[PDB]
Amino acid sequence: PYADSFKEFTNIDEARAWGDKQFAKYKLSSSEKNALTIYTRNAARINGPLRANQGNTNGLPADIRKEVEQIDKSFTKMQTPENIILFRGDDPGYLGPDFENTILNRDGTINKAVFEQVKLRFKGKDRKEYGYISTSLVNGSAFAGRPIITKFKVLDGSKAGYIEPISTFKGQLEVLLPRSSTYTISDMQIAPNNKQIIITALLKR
């Protein structure tokens, strides 16, 4: 199914219109919207505890737990209506402590010998993320200077919500993926500019 087509938005306005139309169709509850807004204000407040507890909600402080329950509930309403590509920018920390401080050369270029170790470790393997995954419909300026760009191939019907309208931030075309999402890193490449790693991820539906 990952060999099928995936819509990749490049036009900020077509993207914003499509997403705005999707968001209206979800009919989220006031409580779901509130929880999503809280998530956008400080995602790490929720993702951090999720990661520490490997998705075990019993280990979250009560307020965080309740917020996670509402966001999870919000996903019963949010699915993508078509195969789509979602983009995400990440810092080296995404690759783990073994690579966090070694993947970039002092000038910001990708350390090639280290990249080879990164590929070995991750390429062709599944990765499970315990926090929610924030993405964008567009590979925009919001990702300026991020050394890692992931392009997720998300299949029609997969839980995913265009949440940009209720975000505390602007012009980001934000799409959220459920917590405990699994994806296959199908490829990893160094960008032509030599300052970014591009990850091709196949999101498990």
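Don't overthink the numbering: it's just position in the shown sequence, from 1.
S.K.: Would 100 to 108 or 121 to 129 have the larger average of its C-alpha temperature factors, as given in the entry?
M.R.: The stretch with the larger average C-alpha B-factor is 100 to 108.
S.K.: Which is higher on mean Cα B factor in this entry, 148 to 156 or 168 to 176?
M.R.: Higher of the two, by average CA B-factor, is 168 to 176.
S.K.: Highest Cα temperature factor in the entry, among the options 113, 95, 78, 84: which one is it?
M.R.: Within the set 113, 95, 78, 84, 113 shows the top C-alpha B-factor.
S.K.: What third of the chain, by the recorded C-alpha B-factor, contains residue 138?
M.R.: Within its chain, residue 138 is a highest-third residue by C-alpha B-factor, going by the deposited values.
S.K.: Comparing residue 59 with the other modelled residues of its chain, is its CA B-factor in the lowest, middle or highest third?
M.R.: Residue 59: CA B-factor falls in the highest third of its chain.
S.K.: Within this chain's modelled residues, let me know which third the CA B factor of residue 22 belongs to: lowest, middle or highest.
M.R.: As the PDB entry reports it, the C-alpha B-factor of residue 22 lands in the middle third of its chain.
S.K.: When the modelled residues of the chain are sorted by Cα temperature factor, does residue 67 land in the lowest, middle or highest third?
M.R.: Answer is lowest: the recorded C-alpha B-factor places it there.
S.K.: Ranked by Cα temperature factor within the chain, is residue 197 in the lowest third, the middle third or the highest third?
M.R.: Within its chain, residue 197 is a lowest-third residue by C-alpha B-factor, going by the deposited values.
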